[PDB]
Amino acid sequence: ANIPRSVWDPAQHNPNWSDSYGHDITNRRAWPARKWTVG
Amino acid sequence: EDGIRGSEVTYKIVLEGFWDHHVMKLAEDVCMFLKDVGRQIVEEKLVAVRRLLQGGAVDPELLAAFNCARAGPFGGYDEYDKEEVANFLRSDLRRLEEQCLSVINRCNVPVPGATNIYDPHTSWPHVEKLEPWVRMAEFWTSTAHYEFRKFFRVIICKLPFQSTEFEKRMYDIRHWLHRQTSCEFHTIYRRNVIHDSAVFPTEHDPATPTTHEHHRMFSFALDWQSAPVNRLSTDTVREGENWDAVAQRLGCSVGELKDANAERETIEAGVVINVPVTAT
Amino acid sequence: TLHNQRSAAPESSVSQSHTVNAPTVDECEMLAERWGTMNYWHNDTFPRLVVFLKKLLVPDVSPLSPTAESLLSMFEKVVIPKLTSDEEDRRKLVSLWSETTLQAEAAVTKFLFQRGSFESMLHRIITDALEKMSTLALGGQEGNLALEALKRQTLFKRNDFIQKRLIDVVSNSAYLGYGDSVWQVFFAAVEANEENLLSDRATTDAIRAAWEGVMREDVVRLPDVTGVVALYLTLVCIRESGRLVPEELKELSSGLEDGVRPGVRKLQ
Amino acid sequence: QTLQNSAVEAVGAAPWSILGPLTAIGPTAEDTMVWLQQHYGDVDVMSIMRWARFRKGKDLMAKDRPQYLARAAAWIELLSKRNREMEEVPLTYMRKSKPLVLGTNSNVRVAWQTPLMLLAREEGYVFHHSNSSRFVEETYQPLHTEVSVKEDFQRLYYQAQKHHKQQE
Amino acid sequence: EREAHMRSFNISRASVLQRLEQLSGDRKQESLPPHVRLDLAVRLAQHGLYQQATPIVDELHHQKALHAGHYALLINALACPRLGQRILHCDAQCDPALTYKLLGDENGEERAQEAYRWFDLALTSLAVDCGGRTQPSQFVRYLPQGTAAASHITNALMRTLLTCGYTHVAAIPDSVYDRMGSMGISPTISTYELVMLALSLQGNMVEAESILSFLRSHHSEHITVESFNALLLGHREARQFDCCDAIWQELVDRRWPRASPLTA
Amino acid sequence: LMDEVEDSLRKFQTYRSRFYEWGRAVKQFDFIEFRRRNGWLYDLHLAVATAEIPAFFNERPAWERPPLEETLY
Amino acid sequence: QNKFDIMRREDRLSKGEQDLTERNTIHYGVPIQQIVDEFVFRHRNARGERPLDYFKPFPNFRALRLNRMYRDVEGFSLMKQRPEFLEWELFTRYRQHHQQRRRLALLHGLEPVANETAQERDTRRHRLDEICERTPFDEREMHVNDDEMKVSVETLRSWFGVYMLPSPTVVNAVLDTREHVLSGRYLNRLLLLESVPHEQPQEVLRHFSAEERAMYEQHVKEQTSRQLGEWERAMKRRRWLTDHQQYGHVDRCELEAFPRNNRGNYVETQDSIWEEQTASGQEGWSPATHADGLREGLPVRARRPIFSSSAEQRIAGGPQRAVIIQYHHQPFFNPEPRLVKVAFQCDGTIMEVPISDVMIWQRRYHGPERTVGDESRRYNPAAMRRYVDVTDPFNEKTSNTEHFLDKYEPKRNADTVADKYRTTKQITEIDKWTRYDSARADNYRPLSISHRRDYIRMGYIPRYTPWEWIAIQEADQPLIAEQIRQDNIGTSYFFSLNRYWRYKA
Amino acid sequence: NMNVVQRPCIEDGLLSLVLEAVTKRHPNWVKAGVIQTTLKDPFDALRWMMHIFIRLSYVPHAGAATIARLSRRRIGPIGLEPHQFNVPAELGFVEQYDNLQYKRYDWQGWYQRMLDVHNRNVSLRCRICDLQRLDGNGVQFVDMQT
């Protein structure tokens, strides 16, 4: 066919595929530095 | 070979652009394209491979190809069976199945959460980097140095079979290529070449050997024929030549002369005969 | 709005060629004509070679009882005088008993690997002896009893031979390394005996060049072969492993390969 | 010859070779023509016979009569489809099947057994086969008894006749 | 071109009906040899004049001139090959799949019913002709179902019933096949080819592919290009174009059997 | 089927000889003029909510308001 | 248009299947990627639906996904559709136990088979049960998740009883501080220890006449007579002997009474799921990829190499069962070709086998880690209330072990009243939804751009060309005849370079 | 010792029986000269197994070519006669087409011709390993001296 079955067929959907917003939100996430007592 | 090294047709797409990030993003797009296209094509090839393994019939053309050689490895004449031919086919199709499965698994590996398209082991196809073409020019202004630059990325697809459908879908990329980006295609494919010992025979080195004069300046145009040199396939029969006399004069066997000239039962003087190609 | 097209799950990526399933009745029926790798014939869980050998067994062949064996042993010279006294008649009895003995012995070994042919030949021999002794018109039916005893004797000899020197030799797939030990031992033996096989005076240039061509591949994948040929390879490699393994393992060893390669790092 | 070979290979050395579709040739040239036109009528048998006359210019029917006969018969059989549909090898009968009443393995399913060893489709018996397909007779806490997916009617007839002969 | 084909078919049909009438006028009291009558009935059924041929086959059967080959010949000619050719070139737009659909309207059920009549007659004649023999061994419980003639006749029946509309195309993968199983007739390759074609026309590809898988597993050397043709046709009907592509690709990969212009 | 095959061939096929001249300004301008003259005979045109959807508008000039697409990049 | 087609349509509808006319057009419905992205866009990152690991630093792709009830919870008997105090930890322990059973089956060749009959299945399960009860339970492989705390066997067994998590002595009693892998037979014993067409309403009858009343009563009396006759046919059997095929009224033969028409045991349920998927083909031996995850103790099927001094290159053998000792994932430690150190079961030999000659047991089809199974997540009713320490998202300062210096530490109340609340932050306050997020492109390749989200998106430029656009561009242009490259004839040695001058070489 | 197993010992008579069975199963082998039922020399059994291995693992050149044609779709002629040898080779070429500026106007043609003649090179490469195979006449096509 022209359009591969993996795109539209629900049976062939990749379980490990993730959304398009969460990974980038996580990357933009800023974690405050681990503040120790001396260093 | 097995795994990554093994393949039959290697396609390389050299993508050229004016900016490294432009070409990188175009390479990512083309990979996400070719990954799925090759996945579907290798899938529909795997179906046929599995069906052929489950059971099939031997082609008489294939069996004749196997029992074509005059003398085999074991002594002289050899006689293969369709069962043996099917065993050879089974071995080839098993290795093809392994290659197709490796391709499919590598196609399924990459995922947005963790993807690396520059590693041949992780994804299929993989992108390898190529040194940018840089041309610096210095000119009056008091002098100024400005350099043209052109960045490249090579997308490599190694398939264990020739798919003209895949070649078509790969060629059709230039129509939706990215803005101000170009592409060129390199194809390395396995092709069968015959060495016809009849048109190109092995002969004793002539009595009078060539000297350096025959390989002089402008000798390539005046002294030498283009290979191959024509060898007369047609002969005329001399006077009173016996059937074996003609064969001996042609250096061919009587049986093969008969096979070549089965039209005529007997030889008459001045008639035209067809010299067998293997005549020495 | 799922779709209107048909749906199919992605085609399995598990190599069906390498995966081996449980045997099927038709596969066992055609086992005499099927091909397979040494792995197929010595599968750790489904020993198709053992199945092929057991297919040669004649069903319902009980071992000879002491009574029947004693009757057979004594019938050669004790019964004949009892049932007849004519010199010619007892000579014919002795001749036919020696015949039936040698025909049974030849039937046990000659028609191995072809059970139907063995059965047909054995039945024909027994029947011919039957009508010939009936024409002789012996007094009692102790001749028929002895012939039936010899039938059981021949059947059990065949079954015991095939169960002892054919099936018991191969039943240990783990010892045979699931078939790959067979190939490894073959290659080791060929390397050891290259002076006897591949030398100038050993084999012709055609065979030699074929051998280098086979071994020169990028990967020398081994061939899948018929069941009988697999049995031949297993047996001959068993015969050859002794000549290669050191003296300390020529008889007892924890595996067919044990001692073939010196540097193999084991675990313990 | 071909039909006898097929019948014999059906068992492995049969009732298949009792009645071939070819009828006897009458003792006349008109009968020859009728037989050819009614058993190989899809082609022009006379045209094939005329064409098969010469081989590299040598008149076969005039010099090598057996060679010409073999060549013409082979050409007639090749070009005549009816010969193809008459010269099949007797295959085996395939069983339909239904999924197990209780689902243990989708690859193993209950076969349909011919009364030799109640229409099939009404219950749900249908063609289903693959490389890993398994056919069984299921009873019971399932209990299974594997059965062949195949019914070689010719071999069953030959073995039943062998049993008849031994009873004889 | 369509006009030319229609004119050819009409001229041939008129000539055959004229021959039938001339022969009947001549046979008011004289009886012709069985072979000319067999040929004329075959030609009538070929041109679609099945109802014109029932009397000829009935009288030949009563006179007991038909044999194993002749019954199958008549049942095959009953499928109307010449009429099918005319329909293919003229009204089916050269579509082999639509040719079967268009042939079924032309007295499909009546033609199939008479085909069953011929099947019963053929089985009775086979039993008589095979019981009349003495050299073959008893097989008293296996005559004629175990002989090649019964399988040939059944294959002819299935081939003819293919063209008799949907009611019998749905039957070919059905009672007909179970009826053959109960009758104990060994199928040949053509049997499974016709069953696959019938299931393809019906549009149910799962069982057609299962049948081809059975053939691959057990009888893999007898598979003919007709199985691939039937699968292509059935996938065209079901509109599984990816599947049809897969079969074409596997066929081109497996040069044997040779792809036919019908396959293309 | 041959009519349809030839239709498909004339749609997707060209030779190298045709290709080397495939793109001359003369041929392309002939195409343009022919479309203008007869589009009503061969053009297919001779869904709505896709092209008709309200869109955000940057009221202020680009310098005054950093465009959103420019800030993204 | 065809009677053939109409009959096919009606027959297929009666059988209950899709009609071939419905397929006259192609309808690729909205894909799951589209649906999921629409859901997350409408729900503003679906922070409520995502788990804790997502809000932990540097999450894995499994954490980046949304919570789903996978095929692993199905066997658990006590799950109540809602959270409770220790059942989730017990379910996790059972899940690890079944993963251990899977590992043992792969090591010892008790893995399921596609053609397994019931007898073979039960024999394989019995041998697996023996091996699993004999082996101890590994606690290292027990991988906790952030949402739950590690719970010891001592306390879990004390609370739930000893039957839930038994000792080998308890198991032998049913059929000592030790744990062994659960057994299907053992749980089976524990569970055993529990003990009229075309009928119209009255409104149409109101419009009806009375002659039709008599006719309708005649219709319904025939209908009910036929149904009652069939029902009492069900009770008349006579065992249906084949000699006369007797039906009724005076288990011998033909099995009369043939008319026309454990979800609690966790180990059995999960095992049956395993056979279902193995038979379906989702699970089975497939070639191993570098990304599937190779580690110590992974049961693998490698192809044993054969060594020959006359071989110009390696010789491959049959795929034998084996276990991975190590696998240097670093490229500088595995130059091409890559190698894996694996130990074979037969002869116990350890060898470095090429990675290409290695086959793993895939739990699914898509990878990238297809060796390891799915892990279901916990559900939270108040998913909006959820706290994580920003400065210490992981629990480092908390030590499960007890140190000998802890009795000199000060009291925990003073720092408890302050530091916990200072470092704590609700998941809502750790991430913000920005216009960049609203305008983010789709990481996958869409079929055709969808305007469903065009109202609040802005500056969205796709990062991948849609399949529809690609198809349009590919259709818009022709092919080049020579690109096919067919050479079935051969090379002309005499004329190809002496062709006509116009088209000469 | 519990792990240790005893190596079985078999007899040349049993080997001869199995060899006879193998010859029965594959009659064409003895006819072609691969196997002989005779088992006289001590190394004769291993010699015959080696011949079996060579027959089962050695592909003739014409065969290999035909198989490559069948499923892998390898183009090129296939030679059957003993005077034709099949050489599998690699043909590497380049195809460049323009879409930016030299796509759709007068310079399109001569620019395309320039690109094609610039990429006119085709690299034909073959492995001497593949050339080292038995000819149709039974002699190695390329020996060490060749």
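Residue numbers (the entry's author numbering), protein chains in the order written: chain H, 11 to 49; chain L, 235 to 375, 388 to 526; chain D, 93 to 360; chain R, 401 to 413, 421 to 524, 532 to 554, 569 to 596; chain Y, 54 to 317; chain Z, 371 to 416, 439 to 465; chain V, 444 to 618, 639 to 658, 680 to 734, 815 to 825, 840 to 1083; chain W, 584 to 729. The beta carbon of each residue, even a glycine, is placed where N, CA and C say it ideally should be.
| field | Element boundaries [alpha helix (DSSP H), containing V:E1052] | value | Within the seventh sequence, residue 1052 of chain V is the residue found at index 474, counting from 1. Note, V:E1052: alpha helix (DSSP H), 1045-1053.
| query | Do you know whose CA, among H:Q22, H:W18, H:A11, H:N12, lies nearest V:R942's CA? | reply | Stepping through the seventh sequence from its first residue, residue 942 of chain V is reached at position 364. Here the closest residue by C-alpha is H:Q22.
| Which full runs of the alpha helix (DSSP H) of 4+ residues lie inside the region 458-499 of chain R, going along the chain? | 467-470, 472-486, 488-493
| query | For chain B, is any of its Cβ atoms less than 8 Å away from the one on V:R892? | reply | Of the protein chains in the structure, H, L, D, R, Y, Z, V and W, none is chain B.
| query | At a CB-CB cut-off below 8 Å, which residues of chain Y make contact with W:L653? | reply | Taking the eighth sequence and counting its residues from 1, one reaches residue 653 of chain W at position 70. Within 8 Å Cβ-Cβ: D306, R307, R308.
| Mind pulling the chain L residues with CB within less than 7 Å of R:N545? | By 1-based counting over the fourth sequence, the position of residue 545 of chain R is 131. Ordered by position in chain L, the residues that pass the 7 Å Cβ test against R:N545 are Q288.
| Those residues which DSSP pairs with W:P671 across a bridge | The residue labelled residue 671 of chain W in the question sits at position 88 within the eighth sequence. Paired residue(s): L:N438.
| message | So that I know if they touch, is there some Cβ in chain V lying closer than 8 Å to that of D:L94? | response | Position 2 of the third sequence, counted from the start, is the residue given in the question as residue 94 of chain D. D:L94 counts as touching chain V.
| By how many angstroms is the C-alpha of V:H551 removed from the C-alpha of V:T560? | In the seventh sequence, residue 560 of chain V corresponds to position 117, counting from 1. In the seventh sequence, residue 551 of chain V corresponds to position 108, counting from 1. Whole-angstrom Cα-Cα distance: 20 Å.
| Can you find a CB in chain H that lies within less than 8 Å of the CB of V:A821? | Along the seventh sequence, one-based indexing puts residue 821 of chain V at 257. Chain H contact via Cβ: absent.
| task | Could you tell me which of L:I351, L:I401, L:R340 sits nearest to L:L364, measuring between CA atoms? | result | Your numbering for residue 364 of chain L matches position 130 in the second sequence. Answer by Cα proximity: L:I401.
| D:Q276 classed as buried or exposed, judged by whether at least 16 other C-beta atoms fall within 10 angstroms | Residue 276 of chain D sits at position 184 when you count from the first residue of the third sequence. Of the other Cβ atoms in all chains shown, 16 or more fall within 10 Å of the Cβ of D:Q276; this residue is therefore buried.
| query | Along the region 325-358 of chain L, what residues have a CB closer than 9 Å to any CB found in chain D? | reply | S325, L327, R328, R329, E331, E332, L335, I338, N339, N342
| message | Any beta carbon of chain Z sitting closer than 8 Å to that of W:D689? | response | As a working note, residue 689 of chain W is residue 106 in the eighth sequence. Taking 8 Å as the threshold, the shortest C-beta distance from W:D689 to chain Z falls below it.
| field | Counted within 10 angstroms of its Cβ, other Cβ atoms place R:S454 as buried (16 or more) or exposed | value | For this step, residue 454 of chain R is matched to residue 47 along the fourth sequence. Flag for R:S454 reads exposed.
| message | Output needed for V:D496: all residues of its chain with C-beta closer than 6 Å, excluding positions within five of it in sequence on either side, in chain order. | response | Within the seventh sequence, residue 496 of chain V is the residue found at index 53, counting from 1. The residues are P502, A506, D589.
| How close, in whole Å, do the beta carbons of V:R652 and V:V617 come, if the pair is a contact with beta carbons under 8 Å? | To locate residue 652 of chain V, count along the seventh sequence from 1; it is residue 189. To locate residue 617 of chain V, count along the seventh sequence from 1; it is residue 174. That pair is a contact at about 5 Å.
| task | Within its chain, find whatever has a CB closer than 6 Å to the CB of V:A1083; leave out the 5 residues flanking it on each side and keep chain order. | result | One-based indexing of the seventh sequence puts residue 1083 of chain V at position 505. Closer than 6 Å at Cβ, skipping near neighbours: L1075.
| query | Considering only the beta carbon of each residue, do V:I903 and V:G895 sit closer than 8 Å? | reply | Along the seventh sequence, read from residue 1 onward, the residue named residue 903 of chain V stands at position 325. Along the seventh sequence, read from residue 1 onward, the residue named residue 895 of chain V stands at position 317. No, the Cβ-Cβ distance between V:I903 and V:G895 is not below 8 Å.
| Considering only residues of the same chain and omitting the five flanking positions on each side of R:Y475, which have a CB-CB separation below 6 Å? | Locating residue 475 of chain R in the fourth sequence gives position 68, counting from the first residue. Taken in chain order, the residues that qualify are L467, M468.
| task | Tell me the start and end of each unbroken alpha helix (DSSP H) in the region 841-908 of chain V that is at least 4 residues and wholly inside, in chain order. | result | Listed in chain order, the complete alpha helix (DSSP H) runs (minimum 4 residues) inside the region 841-908 of chain V are 844-858.
| By DSSP, does R:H542 sit in helix, in strand, or in coil? | Taking the fourth sequence and counting its residues from 1, the one referred to as residue 542 of chain R is at position 128. Of the three classes helix, strand and coil, the one that applies to R:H542 here is coil, per DSSP.
| Distance between beta carbons of Y:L214 and Y:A202, contact taken as under 8 Å | Here residue 202 of chain Y refers to the residue found at position 149 when the fifth sequence is read from its first residue. Here residue 214 of chain Y refers to the residue found at position 161 when the fifth sequence is read from its first residue. Incorrect: roughly 19 Å between the Cβ atoms, too far for contact.
| message | Under 8 Å, Cβ to Cβ, is there at least one residue of chain W near L:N438? | response | Position 192 of the second sequence, counted from the first residue, corresponds to residue 438 of chain L. Chain W, which has a Cβ nearer than 8 Å to the Cβ of L:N438, makes this yes.
| field | Touching by the beta-carbon criterion (3+ pairs, under 8 Å), the region 105-122 of chain D and the region 928-945 of chain V | value | yes
| message | For W:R608 and D:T129, which I take to be in contact (beta-carbon distance under 8 Å), what is that distance rounded to the nearest angstrom? | response | The residue you call residue 608 of chain W lines up with position 25 of the eighth sequence. The residue you call residue 129 of chain D lines up with position 37 of the third sequence. Rounded, the Cβ-Cβ distance is 17 Å, inconsistent with contact.
| For V:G951, which residues of its own chain have a beta-carbon under 8 Å away from its beta-carbon, when the five flanking residues on both sides are left out? | The residue given as residue 951 of chain V occupies position 373 in the seventh sequence. Hits under 8 Å: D515, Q542, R545, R941.
| message | Using a 10 Å radius around the Cβ and a threshold of 16 neighbouring Cβ atoms, would you call Z:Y385 buried or exposed? | response | Taking the sixth sequence and counting its residues from 1, one reaches residue 385 of chain Z at position 15. Result: exposed.
| message | Using the Cβ count rule (16 or more neighbours within 10 Å means buried), how would you classify residue 831 of chain V? | response | No coordinates exist for residue 831 of chain V; the numbering of chain V passes from 825 to 840 with nothing in between.
| said: Run through chain H and tell me which residues come within less than 9 Å of residue 384 of chain L, C-beta to C-beta. | reply: Inspection of chain L shows residue 375 followed directly by residue 388; residue 384 of chain L is thus not represented.
| field | Inter-residue spacing [alpha-carbon to alpha-carbon] between Z:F401 and L:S428 | value | In the sixth sequence, counting from the first residue as 1, residue 401 of chain Z sits at position 31. In the second sequence, counting from the first residue as 1, residue 428 of chain L sits at position 182. Whole-angstrom Cα-Cα distance: 26 Å.
| said: So for D:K358, helix, strand or coil by DSSP? | reply: Stepping through the third sequence from its first residue, residue 358 of chain D is reached at position 266. Residue state, collapsed to three classes: coil.
| query | Leaving out the 5 sequence neighbours to the left and right, which residues in its chain are closer than 8 Å to D:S345 when beta-carbon positions are compared? | reply | Counting from one through the third sequence, the residue named residue 345 of chain D turns up at place 253. These residues qualify, in order along the chain: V337, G351.
| message | Could you check whether the Cβ of Y:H100 sits closer than 8 Å to any Cβ belonging to chain R? | response | Translated into the one-based positions of the fifth sequence, residue 100 of chain Y becomes position 47. With 8 Å as the cut-off, Y:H100 does not count as an interface residue toward chain R.
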